Each structure stands twice: as C-alpha cells, then as structure tokens.
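Only one structure is covered here, and it is reproduced in the block below.
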Amino acid sequence: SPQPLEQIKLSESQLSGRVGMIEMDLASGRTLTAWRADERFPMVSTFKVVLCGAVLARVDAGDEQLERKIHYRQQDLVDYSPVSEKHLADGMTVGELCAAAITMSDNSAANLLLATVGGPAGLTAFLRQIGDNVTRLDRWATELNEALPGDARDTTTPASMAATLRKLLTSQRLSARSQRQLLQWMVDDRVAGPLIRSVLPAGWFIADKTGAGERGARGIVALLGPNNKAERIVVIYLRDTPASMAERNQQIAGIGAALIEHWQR
Ligand SMILES: OC[C@H]1O[C@H](O[C@H]2[C@H](O)[C@@H](O)[C@H](OCCCCCCC3CCCCC3)O[C@@H]2CO)[C@H](O)[C@@H](O)[C@@H]1O
Ligand SMILES: O=C/C=C/NCC(O)CC=O
C-alpha cells in the first residue's frame with residue numbers, strides 16, 4: 001500500500017467522490033493526516049456516538065439514568081429497528097438504547113434517545129456546549145441520511161468530529177465511568193467491528209461506528225492502533241460517489257491498509 005495521503009487521493013480518483021479524513025493521536029490530539037478536514041460531510045449514522053455522549057452527560061449530571069426503562073409504541077418505530085422492534089412489550093433501558101443505536105445501528109433506539117436530549121436541536125446545542133461550532137444535526141434517524149449535494153443539514157467535518165470524539169472519550173467532560181462506557185459501546189460494534197477484525201493483522205485494536213446514506217455517503221469514526229491499544233482516532237467520510245457499497249468499503253479498507261503499513265509518522 002502507498003502512503004496514506006497517496007491512498008486517499010487514489011480513492012477519490014477511483015470513486016469519483018470526495019473523501020474526508022483525519023488521523024489523530026487519541027491521547028494528545030496531535031493531527032497526523034488531514035485531507036478535506038474542514039469540508040462538510042453527511043454524518044449519517046456516526047452521529048449516534050455523539051448522541052450517546054450527550055446522554056451520558058445527562059447521566060453524569062443526575063438528569064438521566066442508564067437504568068431508566070423507556071416504554072414505546074409500534075408507531076414510534078422507524079426503518080431498521082433490529083433490537084427495538086423486539087421490545088414493544090417490555091421496553092428498553094436508556095443504556096440498552098445506546099447499545100442498540102451504537103452497536104446495531106438501531107434507528108428507533110437512536111430516535112428515542114434523541115428525544116431525551118431535546119431532539120436534533122438539543123444535540124446540536126450540546127455540541128456547541130463542548131466547543132464544536134461546526135457539527136450539526138437537523139433531522140431524525142432516517143431522514144438525516146439523505147445526503148443531498150450542497151445540503152449543510154446533518155453534517156460534520158472530519159476535524160470537528162475527531163476533536164469532538166476526543167473530547168467525549170478523554171477530556172474529563174464526561175465522568176470516568178461514562179468515558180469508559182462510551183468506549184466500550186464502540187468496542188462492541190456488531191455491524192462492522194467483527195468484519196474489520198477479521199481483516200486486521202494480529203495486534204491491531206479497533207472500536208468503531210459506521211454509517212451509510214444516499215449518493216454514496218459513507219462514514220466511519222474509529223479508534224485504531226497496534227499493540228492492542230486505541231492509539232489514534234481515525235475519521236473517514238465519503239460523499240457524492242456513485243460507487244457500489246462494496247467498492248466504497250474496499251477503498252476505506254485501503255486507506256486503513258496504508259495507515260497500517262506506514263504507522264510510525
Ligand atoms: O505489514 C503489515 C501487515 O500487512 C498485511 O496486512 C494487511 C491485511 O492483510 C489486510 O487485510 C489489511 O486490509 C485493511 C483492513 C482495514 C480494515 C478497516 C480499517 C478502518 C479502521 C479505522 C478507520 C478507517 C479504516 O491491510 C493490512 C496492511 O496492508 C499483512 O497481511 C500483515 O501480516 C502485516 O502485518
Ligand atoms: O448510517 C446509519 C444508518 C443508515 N441507514 C440508511 C443507509 O444505510 C443508506 C441506505 O441507502
């Protein structure tokens with residue numbers, strides 16, 4: 001594999017779309033690679049990690065409990081609810097909802113949680129409160145994946161998302177237990193985690209949240225590192241490409257391969 005930047009460029013050439021990427025040391029925030037880092041990209045399902053960060057902030061303040069059981073109705077369900085559709089009779093706890101939203105990309109679970117933090121506007125205010133003045137959520141679970149060209153709704157930038165994830169996971173804005181919980185939910189991703197591990201060389205740590213939308217939109221926010229350590233935050237977004245999902249996945253994997261083969265920068 002070529003150098004990371006060379007591979008990112010190759011990916012845009014092959015996909016005919018824009019790639020946005022940041023590679024950052026998790027512990028210090030040192031930026032190693034930045035490509036279209038200040039350009040907007042649809043967050044798609046990656047917004048779910050920030051959502052649960054807001055939920056944990058409420059728990060830390062005593063305004064919420066991960067144990068609290070939420071009962072909902074069938075009419076509350078939206079497209080793709082693998083876990084939440086199984087609990088119309090018994091409900092789900094706030095913590096279970098975050099696990100479902102993050103590890104199974106359950107959209108109804110995400111919407112139920114979004115309601116608890118004041119909706120898209122409330123989540124955006126939370127982002128402003130932790131110093132992210134760029135990321136914005138405007139719509140609910142399914143509609144936010146529309147990815148219309150030039151539409152600023154439901155977007156982030158690679159640099160903003162990386163800084164925000166770092167703040168939630170390590171800045172002590174969240175309590176120690178909450179930072180540990182958010183990390184474990186990412187470690188537990190069932191959608192892409194197992195697959196990524198199956199293709200990673202032995203010794204490489206992975207925690208992640210992925211997402212997909214229209215017009216080729218794709219995204220992944222992840223923690224990656226050798227020696228089984230979450231050394232770096234890697235955020236990659238793709239937008240406006242007509243490529244198959246398989247090729248978009250292969251190109252993201254290719255950027256990962258370049259990182260792995262040239263890690264010591
Ligand atoms: O020299 C380094 C390594 O080179 C190869 O490893 C390959 C591996 O066989 C392949 O499967 C993977 O594909 C990349 C898989 C990446 C998957 C997702 C990455 C994510 C993670 C973070 C966010 C964005 C991308 O590349 C590596 C590096 O070339 C060798 O197989 C391995 O024995 C050796 O230790
Ligand atoms: O990103 C999180 C969930 C996204 N759901 C919609 C799609 O995956 C795109 C279908 O075209």
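Naming works like this for the structure tokens: A, B, ... for the chains as they're shown, residue 1 at the start of each chain, ligands 1 onward in shown order.
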
Can you tell me which residues surround residue 2 (chain A) at a distance of at most 7 Å, considering only C-alpha atoms, apart from same-chain residues fewer than 3 positions away, and format the answer as a ChimeraX atom specification?
/A:6-7,258

Keeping only N, CA and C atoms, take the residues you just selected and write them out as a compact mmCIF listing (two decimals), in the first residue's frame.
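Output file again.txt follows:
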# COMPACT_ATOMS: atom_id res chain seq x y z
N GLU A 6 -1.44 9.41 -0.35
CA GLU A 6 -1.45 8.93 -1.73
C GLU A 6 -2.65 8.00 -1.91
N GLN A 7 -2.92 7.18 -0.89
CA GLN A 7 -4.05 6.26 -1.00
C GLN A 7 -5.38 7.00 -0.98
N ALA A 258 -3.08 1.49 4.25
CA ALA A 258 -1.99 2.44 4.11
C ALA A 258 -1.54 2.92 5.49

Near residue 167 (chain A), counting only C-alpha atoms, which residues have an atom at most 10 Å away, once you skip same-chain residues fewer than 5 positions from it, shown as number ranges by chain?
A: 26, 29, 53, 130-132, 161-162, 172-174, 179

Mind the document's chain letters and residue numbers, and return as a count of residues only the residues of region 143-212 of chain A that DSSP labels helix (DSSP H, G or I).
35

Near region 70-75 of chain A, within 9 Å and counting only C-alpha atoms, which residues show up once chain neighbours fewer than 2 positions away are dropped, as a ChimeraX atom specification?
/A:68,77-78,85,87-94,97,112

Just N, CA, C and O atoms for this one: save the residues we selected as an mmCIF file, in the first residue's frame.
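The resulting file, result.cif, is shown below:
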data_model
loop_
_atom_site.group_PDB
_atom_site.id
_atom_site.type_symbol
_atom_site.label_atom_id
_atom_site.label_comp_id
_atom_site.auth_asym_id
_atom_site.auth_seq_id
_atom_site.Cartn_x
_atom_site.Cartn_y
_atom_site.Cartn_z
ATOM 1 N N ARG A 68 -32.873 3.642 33.499
ATOM 2 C CA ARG A 68 -34.261 4.029 33.279
ATOM 3 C C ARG A 68 -34.910 3.341 32.092
ATOM 4 O O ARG A 68 -34.423 3.427 30.973
ATOM 5 N N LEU A 77 -41.695 3.400 15.944
ATOM 6 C CA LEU A 77 -40.601 2.780 15.213
ATOM 7 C C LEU A 77 -40.400 3.306 13.799
ATOM 8 O O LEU A 77 -41.373 3.590 13.082
ATOM 9 N N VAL A 78 -39.133 3.443 13.420
ATOM 10 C CA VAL A 78 -38.762 3.870 12.074
ATOM 11 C C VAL A 78 -37.951 2.753 11.432
ATOM 12 O O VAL A 78 -37.688 1.713 12.060
ATOM 13 N N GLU A 85 -37.538 -3.316 17.876
ATOM 14 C CA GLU A 85 -38.816 -3.931 17.486
ATOM 15 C C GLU A 85 -39.126 -5.167 18.339
ATOM 16 O O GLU A 85 -40.265 -5.648 18.359
ATOM 17 N N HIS A 87 -38.927 -5.256 21.630
ATOM 18 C CA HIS A 87 -39.281 -4.866 22.996
ATOM 19 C C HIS A 87 -40.469 -3.935 23.130
ATOM 20 O O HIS A 87 -40.477 -3.015 23.950
ATOM 21 N N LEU A 88 -41.490 -4.168 22.313
ATOM 22 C CA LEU A 88 -42.679 -3.338 22.395
ATOM 23 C C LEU A 88 -43.423 -3.624 23.692
ATOM 24 O O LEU A 88 -44.087 -2.744 24.245
ATOM 25 N N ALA A 89 -43.302 -4.856 24.182
ATOM 26 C CA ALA A 89 -43.989 -5.243 25.409
ATOM 27 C C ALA A 89 -43.255 -4.867 26.677
ATOM 28 O O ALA A 89 -43.879 -4.436 27.646
ATOM 29 N N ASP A 90 -41.936 -5.009 26.680
ATOM 30 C CA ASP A 90 -41.188 -4.746 27.902
ATOM 31 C C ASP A 90 -40.320 -3.501 27.965
ATOM 32 O O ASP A 90 -39.792 -3.174 29.029
ATOM 33 N N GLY A 91 -40.177 -2.802 26.843
ATOM 34 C CA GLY A 91 -39.378 -1.590 26.837
ATOM 35 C C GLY A 91 -37.888 -1.865 26.854
ATOM 36 O O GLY A 91 -37.454 -3.024 26.856
ATOM 37 N N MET A 92 -37.115 -0.782 26.836
ATOM 38 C CA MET A 92 -35.651 -0.845 26.887
ATOM 39 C C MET A 92 -35.099 0.231 27.803
ATOM 40 O O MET A 92 -35.654 1.316 27.893
ATOM 41 N N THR A 93 -33.987 -0.064 28.475
ATOM 42 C CA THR A 93 -33.375 0.948 29.338
ATOM 43 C C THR A 93 -32.615 1.944 28.442
ATOM 44 O O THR A 93 -32.283 1.638 27.285
ATOM 45 N N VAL A 94 -32.335 3.124 28.982
ATOM 46 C CA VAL A 94 -31.611 4.139 28.243
ATOM 47 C C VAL A 94 -30.261 3.545 27.815
ATOM 48 O O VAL A 94 -29.828 3.738 26.691
ATOM 49 N N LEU A 97 -30.705 1.247 24.996
ATOM 50 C CA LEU A 97 -30.978 2.006 23.778
ATOM 51 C C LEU A 97 -29.671 2.510 23.166
ATOM 52 O O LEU A 97 -29.487 2.462 21.950
ATOM 53 N N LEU A 112 -35.386 7.516 19.921
ATOM 54 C CA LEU A 112 -35.891 7.598 21.290
ATOM 55 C C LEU A 112 -34.889 8.364 22.154
ATOM 56 O O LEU A 112 -35.278 9.220 22.955
#

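One distance worth recording is that between CA of residue 81 (chain A) and CA of residue 57 (chain A), which is 24.8 Å.
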
Considering only C-alpha atoms, give me a table of residues in region 61-169 of chain A that are at most 12 Å from region 218-229 of chain A, with the closest atom pair and distance in Å for each, as CSV.
residue,atom,partner,partner_atom,distance
A:102,CA,A:221,CA,11.4
A:145,CA,A:218,CA,9.5
A:146,CA,A:218,CA,11.5
A:147,CA,A:218,CA,9.8
A:155,CA,A:219,CA,11.2
A:156,CA,A:219,CA,10.8
A:157,CA,A:219,CA,11.2
A:158,CA,A:221,CA,9.2
A:159,CA,A:221,CA,11.4
A:160,CA,A:221,CA,11.6
A:161,CA,A:221,CA,8.1
A:162,CA,A:221,CA,7.8
A:163,CA,A:221,CA,11.3
A:164,CA,A:221,CA,10.9
A:165,CA,A:221,CA,8.4
A:166,CA,A:223,CA,10.0
A:169,CA,A:223,CA,10.6

Writing out the chosen residues with N, CA and C atoms as a short mmCIF file (atom, residue, chain, number, x, y, z; two decimals), in the first residue's frame:
data_model
loop_
_atom_site.label_atom_id
_atom_site.label_comp_id
_atom_site.auth_asym_id
_atom_site.auth_seq_id
_atom_site.Cartn_x
_atom_site.Cartn_y
_atom_site.Cartn_z
N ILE A 102 -25.67 2.32 18.92
CA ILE A 102 -24.27 2.26 18.53
C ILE A 102 -23.81 0.90 17.97
N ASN A 145 -30.03 10.78 6.60
CA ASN A 145 -29.13 10.10 5.68
C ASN A 145 -29.34 10.49 4.21
N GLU A 146 -30.21 11.46 3.96
CA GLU A 146 -30.50 11.87 2.57
C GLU A 146 -29.30 12.33 1.77
N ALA A 147 -28.35 12.99 2.44
CA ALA A 147 -27.12 13.43 1.79
C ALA A 147 -27.28 14.18 0.46
N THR A 155 -24.52 17.46 9.04
CA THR A 155 -23.14 17.32 8.62
C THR A 155 -22.15 17.62 9.72
N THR A 156 -20.92 17.18 9.49
CA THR A 156 -19.82 17.46 10.41
C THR A 156 -18.63 17.66 9.48
N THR A 157 -17.45 17.87 10.05
CA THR A 157 -16.25 17.93 9.22
C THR A 157 -15.35 16.88 9.89
N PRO A 158 -14.38 16.33 9.14
CA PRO A 158 -13.51 15.32 9.76
C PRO A 158 -12.80 15.88 10.99
N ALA A 159 -12.32 17.12 10.89
CA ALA A 159 -11.61 17.72 12.02
C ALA A 159 -12.52 17.94 13.23
N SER A 160 -13.75 18.39 13.00
CA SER A 160 -14.67 18.63 14.11
C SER A 160 -15.08 17.32 14.77
N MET A 161 -15.41 16.32 13.96
CA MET A 161 -15.83 15.05 14.53
C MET A 161 -14.70 14.40 15.32
N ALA A 162 -13.48 14.47 14.80
CA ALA A 162 -12.36 13.89 15.53
C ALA A 162 -12.15 14.59 16.87
N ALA A 163 -12.19 15.92 16.86
CA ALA A 163 -11.99 16.67 18.10
C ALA A 163 -13.12 16.39 19.09
N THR A 164 -14.35 16.28 18.58
CA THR A 164 -15.49 16.03 19.45
C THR A 164 -15.41 14.65 20.08
N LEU A 165 -15.03 13.64 19.30
CA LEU A 165 -14.92 12.29 19.85
C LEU A 165 -13.82 12.28 20.89
N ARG A 166 -12.71 12.95 20.59
CA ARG A 166 -11.62 13.01 21.57
C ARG A 166 -12.11 13.66 22.87
N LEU A 169 -14.36 11.15 24.80
CA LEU A 169 -13.67 9.99 25.31
C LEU A 169 -12.56 10.24 26.30
#
